[PDB]
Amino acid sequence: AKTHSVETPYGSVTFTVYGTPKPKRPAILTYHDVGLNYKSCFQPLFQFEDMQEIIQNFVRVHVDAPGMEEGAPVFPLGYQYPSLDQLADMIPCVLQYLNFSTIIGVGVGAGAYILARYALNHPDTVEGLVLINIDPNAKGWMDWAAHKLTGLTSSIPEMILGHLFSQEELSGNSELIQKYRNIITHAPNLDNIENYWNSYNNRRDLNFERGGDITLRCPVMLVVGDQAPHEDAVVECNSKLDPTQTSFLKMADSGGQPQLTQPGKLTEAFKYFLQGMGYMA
């Protein structure tokens, strides 16, 4: 459990490394969604006993977007947070500092977009992506107007929650939804999270074109809850990527954060996905 920190052209990024290496395996690098950090986005999944079993054989690098780590300083007023693109550009710095040369990326939401942009810039450093709730397109003008409309009546935490969880789940108001409403609404770093939320909303097209110049050349597992906020964007994305190397796990009963509600199944899917690329898992 070693924490590290590196400098990049866009300020610094913090990450945490687990396991002792395996020089002949990629590293599993995770990047989390808006409103969360490694600890609230991915820790329950990576500490699930079955997932422990499988990753025994890999080094893990868990990244916290700038400003998101436990105990981060609040950026100053008029601070100028990196765009999703610029966040993807901070990854070589991490990899360099560690001397890893290849990864399997696991992201959620913004984290998924980030790792996918990273893959486009450095395809030979990426052996595979697990992309949960990816929305690979800029916000359309209808979405923007709808977004600003909602914004007149939802606080920002409410809006971030609406990105992470489905509306059903929100009224459902389960124990987890309460927890998360709390982590997000009372986050000491709430202003930091807001900037990331902006970066996210302002993202550009990835332009995946099936059999075009702009695709992913590594195997990809897409993941999304049924009837969750990003199902359509994920479905659409599946239609733009190479079918030979892209599976699509749409999970019944998982909601917006399948990795928090279905660690069991997602862990199993991860096992097959690794087998899929020829790693005994």
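Residue positions are given as counts along the sequence shown, with the first one as 1.
- Set 213-221 against 41-49 and average the Cα temperature factors; 213-221 ends up higher.
- Comparing the deposited coordinates for 119-127 and 102-110, the stretch with the larger average C-alpha B-factor is 119-127.
- Going by the entry's values, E175 shows the largest Cα B-factor out of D135, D85, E158, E175.
- Among all modelled residues in this chain, the alpha-carbon of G151 has a temperature factor (C-alpha) in the middle third.
- The entry lists a Cα temperature factor for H32 that places it in the lowest third of the chain's modelled residues.
- Per the PDB record, residue ranking by Cα B-factor puts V59 in the middle third of the chain.
- Ranked by Cα temperature factor within the chain, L95 sits in the middle third according to the deposited record.
- Among the modelled residues of the chain, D205 sits in the highest third by CA temperature factor in this PDB entry.
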